[PDB]
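Undergrad: following this: a sequence and the matching experimental structure.
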Amino acid sequence: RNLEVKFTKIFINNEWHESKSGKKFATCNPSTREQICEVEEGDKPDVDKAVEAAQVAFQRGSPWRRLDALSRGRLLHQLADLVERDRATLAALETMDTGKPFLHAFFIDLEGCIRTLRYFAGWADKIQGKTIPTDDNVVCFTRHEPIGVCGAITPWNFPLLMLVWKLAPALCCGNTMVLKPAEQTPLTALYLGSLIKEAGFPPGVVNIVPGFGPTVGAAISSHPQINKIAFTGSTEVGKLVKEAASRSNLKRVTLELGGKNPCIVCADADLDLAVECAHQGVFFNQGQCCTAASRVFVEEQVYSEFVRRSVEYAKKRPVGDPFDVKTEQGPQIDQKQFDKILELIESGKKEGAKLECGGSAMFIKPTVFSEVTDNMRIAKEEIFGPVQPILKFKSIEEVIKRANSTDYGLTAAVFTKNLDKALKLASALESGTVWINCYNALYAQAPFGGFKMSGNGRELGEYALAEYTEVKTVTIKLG
Amino acid sequence: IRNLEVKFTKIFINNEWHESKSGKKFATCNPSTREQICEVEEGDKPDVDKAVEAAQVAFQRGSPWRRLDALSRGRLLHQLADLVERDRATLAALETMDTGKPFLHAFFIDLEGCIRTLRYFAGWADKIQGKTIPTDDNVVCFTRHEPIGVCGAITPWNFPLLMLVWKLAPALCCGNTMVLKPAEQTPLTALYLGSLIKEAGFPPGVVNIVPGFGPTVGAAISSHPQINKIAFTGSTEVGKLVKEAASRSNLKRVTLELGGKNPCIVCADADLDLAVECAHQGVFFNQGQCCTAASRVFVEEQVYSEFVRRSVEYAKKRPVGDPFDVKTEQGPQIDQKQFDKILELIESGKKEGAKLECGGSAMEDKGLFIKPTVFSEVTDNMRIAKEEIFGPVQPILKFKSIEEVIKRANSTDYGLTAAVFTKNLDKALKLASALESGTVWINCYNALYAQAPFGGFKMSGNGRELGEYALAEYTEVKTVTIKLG
Ligand SMILES: NC(=O)c1ccc[n+]([C@@H]2O[C@H](COP(=O)([O-])OP(=O)(O)OC[C@H]3O[C@@H](n4cnc5c(N)ncnc54)[C@H](O)[C@@H]3O)[C@@H](O)[C@H]2O)c1
Ligand SMILES: NC(=O)c1ccc[n+]([C@@H]2O[C@H](COP(=O)([O-])OP(=O)(O)OC[C@H]3O[C@@H](n4cnc5c(N)ncnc54)[C@H](O)[C@@H]3O)[C@@H](O)[C@H]2O)c1
Ligand SMILES: COc1ccc(-c2cn3cc(-c4cc(OC)cc(OC)c4)ccc3n2)cc1
Ligand SMILES: COc1ccc(-c2cn3cc(-c4cc(OC)cc(OC)c4)ccc3n2)cc1
């Protein structure tokens, strides 16, 4: 209920720290506008410090480096155990900090945090190079060593999850990390730093430096002693991080960004499954989600009954308090976007699109657009709010071209009972994940990540391990 | 072959030759005789835009190329490698003409390396393999390793045709399409291959070649919003530029290979005669102008002197002269910028206080050649020891303990390659593990195989080439996750 925030400082070498400037910023609560607490405002000197602590704890011969590969997973299981223990604490904090429904934060976010952690615990002693057939007198092989100090920079929509998805793989491969969390949502990250010292990782293996994007985050992406970065958030902000990494240190960068992620309904598709899952992927977590559906193509044979059954759904879903055990949808975080959404609601009005339900606030009331075309703004642009822009199509080959036309591509969900229509579509769509008769079906063992401008690199899979290893070749010649 | 005329100097788009949309041209010179081979078309963004739209369409869904069978793709690559072998002495000549590589070197290394690489990756085409992943009882989930799309490739002058092939083979077996820009210093063989690409029967628009200049064609490729992936072999300087440009627009995926301060450790318990021979050809091969050249040579005290003495006779004994001669080992350096720039670094050596055991100045001024040069008593903070010299210079150093030289070699930001010589099982391996280098040879030098990946650690690269690992850089992972009733 009323839960005290106990950790608010820079986490470095498993000791709690103050800004080298003593500056502080103050996270608030989107549910009820209320300053939660005051967190230390780190910055380049603070970063500079943690990055050194990471280099030391990564140095050869350190207690971290010498750990038996399986004891690396022992820790990772220990940390997951702890997360498991203090689970609702985290769900509570993550709710206070983001305004997610407390259950949503308890059964999705933290279930994902716990599962993702143990999955990569598995991999710690299964990271295998190759032994390669070359010449008769030559032993050749490759090792998959850890890259070094790893930079993690995450968004406020799934703070602890987006954070674990980078921490779990990075630590099993045996890097050390400097973590830098949103400003909107720094609480759960800072908690996990307690759990990290408790499970007993060596000091300096993980370090957290909360603060601001252009200050702290930008210090990371430019730092000469960080060897890799993982970023989850804004397309355009990723562009800069890639740039800075390139200008300084040539570090390895992997990004996960947004997208106009399509949602395709065929004539023979289960309609209640299609309509409802199209709903879960436009209105879940208040519409702000890496996996949200910018576009919803529907074949002419089921258009109106699709559009009709859709508007029935929007009006019945409960809004209100986040600690509500009867709600689905809390508030938005930063009104900076609140403006441009219910502006975009007029974009479709202005270009000739029927608005079948909703279109203003009370939060925003869930909205639905029929008669939408491709060229309208409300189908050209990502929307971090509930806006269901429903289009129409004759051919499978038609919607293939239409849905693939944007420069983004992180998610596509297809709905059909037909075997040929399922597979033909999946193979064609230029999307990192293609879901079929389901939405937001993320698993810790299937890689997530972007095609085209939705990012580069993958996360959550055996493929994740690639982004946290440098491949060394040994080539030995005998006499 | 001697007075062989250059047949190929135009731009290759959709398997048609072309002139500059501009009309301009530019010359390539023979560095051995310092005279002009001929003029090639100078491309620019409007040329690059032409080729990209070509490639964009040869990769379009249902293209002859995309509907093509997977093993047939393999067959074409095997087909193109046949042609190379046939026209091998044409190409190797062209390569020596353009670069002053000893011709025999280009025919037994360079071109050999090209055919072998084309064949390895030809073999990977029907064996690009994704995963099926267990998840819940009611879900089928699996991954496909789709091709990326239009892949830029941009390569230097030190191995013009080999650096091109290292990218073309994997990308082409993986089902991509390509816009290639060779170095302006060395455009001849990249064009010849384009002739063979067409003969081998590749669909038009699957490979395209626009020659021209770094800032002009190069950057137009790196920034182009419809190119989906770049490979770059070149300098660290240009390397940071190209990754930056890709970041600024279209967020392309970028893989980079760019030189190093490549350590060559020689332990006291070392076949010394092998160490001098390999750490000699290691330093000096290809006129010392190599991505993997040997720059800092660490030797243990117990053997420091007699190593140096053995290195210095090799240096004088090793033949320099006409590339077409069958007894040559070191042709000329590539151009005037390099020759002066290397000659200058020599003086920093003299003037930073290091015994000039041999050579030390250029010879027979009417050529672009340099006396093979050795140094002694070279300390760390010294200039010959901190910077990539791209030429014949052999700075030797003293070292005491293993842990001394582990720390000393991982002191740079580079780390493309390293050699270690010892007979000691634990030394070789302890060194092999601790060195921050991409490849680590042991009791050999310059041992590249297509099956083994090659690439940089730290500021020497991102990603790899020539291995099953190259496929990673030319495929995009998709996850298909089906749910059942
Ligand atoms: N003003 C507009 O036109 C407009 C419109 C809609 C949405 N938006 C975007 O919505 C975003 C919502 O926040 P978000 O976290 O989901 O995305 P984001 O890109 O802001 O996420 C950035 C993450 O990285 C850090 N970061 C921020 N700026 C950085 C920089 N310049 N260099 C390095 N690291 C940096 C932050 O601390 C946070 O961790 C805003 O950042 C904003 O760009 C803006
Ligand atoms: N006439 C000339 O300008 C000229 C001639 C000889 C030598 N040089 C210089 O000699 C050095 C030799 O370097 P190297 O060839 O080993 O590698 P490099 O990094 O100089 O060039 C690698 C390749 O990158 C391409 N490139 C160059 N600059 C680029 C840019 N800004 N954007 C995009 N692509 C670009 C070029 O076509 C070249 O083939 C370079 O400094 C080179 O430019 C220049
Ligand atoms: C309609 O009722 C449902 C209630 C609940 C679920 C449901 C989804 N879940 C997802 C995870 C998980 C793990 C992640 O990283 C591994 C990422 C991620 O993002 C979605 C989710 C864990 C548990 C879970 N349960 C489905 C249907
Ligand atoms: C003294 O006994 C020998 C035994 C074996 C060899 C030997 C090594 N080789 C390496 C290549 C090759 C291939 C490349 O790409 C695949 C790149 C590259 O660049 C340096 C070289 C080609 C031929 C070759 N032969 C020599 C001498």
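TA: Noted; the coordinates are in hand. Numbers count the residues shown, from 1 in each chain, chains lettered A, B, ... in the order given. Ligands and ions are numbered 1, 2, ... in the order given.
Undergrad: state the distance from the residue nearest to residue A:418 when sequence neighbours are not counted to ligand 3.
TA: Leaving aside its sequence neighbours, residue A:418 sits nearest to residue A:268 (CB to CB, 6 or more residues apart in numbering or on different chains; 5.6 Å). Just so you know, the C-beta spots here come from the backbone N, C-alpha and C atoms, and that holds for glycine as well. Look at residue A:268 and ligand 3: by CB to the nearest ligand atom, to the nearest Å, they are 23 Å apart.
Undergrad: give me the neighbour count for residue A:419.
TA: 8 (other CB atoms under 10 Å in any protein chain shown).
Undergrad: can you give me the strands in the stretch 301-450 of chain A?
TA: A:355-357, A:367-369, A:387-393, A:411-415, A:433-436 (DSSP state E, counting those that start in this stretch).
Undergrad: who wins for proximity to residue A:120 among these?
TA: strand A:433-436 (19.0 Å; CB to CB).
Undergrad: paired strands for the helix or strand just after that closest one, with orientation please.
TA: Using DSSP states H and E, the next helix or strand after strand A:433-436 towards the C-terminus is strand A:455-456. If you go by DSSP bridges, strand A:455-456 pairs up with strand A:252-256 (antiparallel).
Undergrad: does ligand 1 sit close to the partner strand?
TA: No. For strand A:252-256 and ligand 1, the contact criterion (CB under 6 Å from any ligand atom) is not met; the two come no nearer than 10.2 Å.
Undergrad: right, and the helix or strand after that strand?
TA: strand A:263-265.
Undergrad: adjacent strands (with direction) for that next one?
TA: Applying DSSP bridges, one finds strand A:263-265 paired with strand A:296-299 (parallel), strand A:411-415 (parallel).
Undergrad: sorry, back to before: what about the residue nearest to residue A:418, which SS state?
TA: On the three-state scheme (DSSP: H, G, I helix; E, B strand; the rest coil), residue A:268 is labelled coil.
Undergrad: re the thing from before, which one of the strands of the stretch 301-450 of chain A is the most hemmed in?
TA: strand A:411-415 (a mean of 29; mean count of other CB atoms under 10 Å in any protein chain shown).
Undergrad: against residue B:454, how distant is the residue in the stretch 301-450 of chain A positioned nearest to ligand 1?
TA: Distances between the stretch 301-450 of chain A and ligand 1 by CB to the nearest ligand atom are smallest at residue A:337, namely 4.5 Å. Plainly put, residue A:337 is 46 Å away from residue B:454 if you go by CB to CB, to the nearest Å.
Undergrad: now swap in residue A:254 and tell me
TA: 22 Å.
Undergrad: the helices in the stretch 201-350 of chain A, which residues?
TA: Ranges of helices in the stretch 201-350 of chain A, per DSSP state H, counting those that start in this stretch, are A:218-221, A:235-247, A:271-280, A:303-315, A:335-350.
Undergrad: I'd guess residue A:165 is in a helix, am I close?
TA: Yes. Residue A:165 sits within a helix when classified using three-state DSSP.
Undergrad: list the contacts of the nearest residue to residue A:294 once chain neighbours are set aside.
TA: Spatial nearest neighbour of residue A:294, excluding adjacent residues (CB to CB, 6+ apart): residue A:260 at 3.9 Å. Applying CB atoms under 8 Å, 6 or more residues apart in numbering or on different chains, we find residue A:260 in contact with A:294-295, A:379-382, A:406, A:408.
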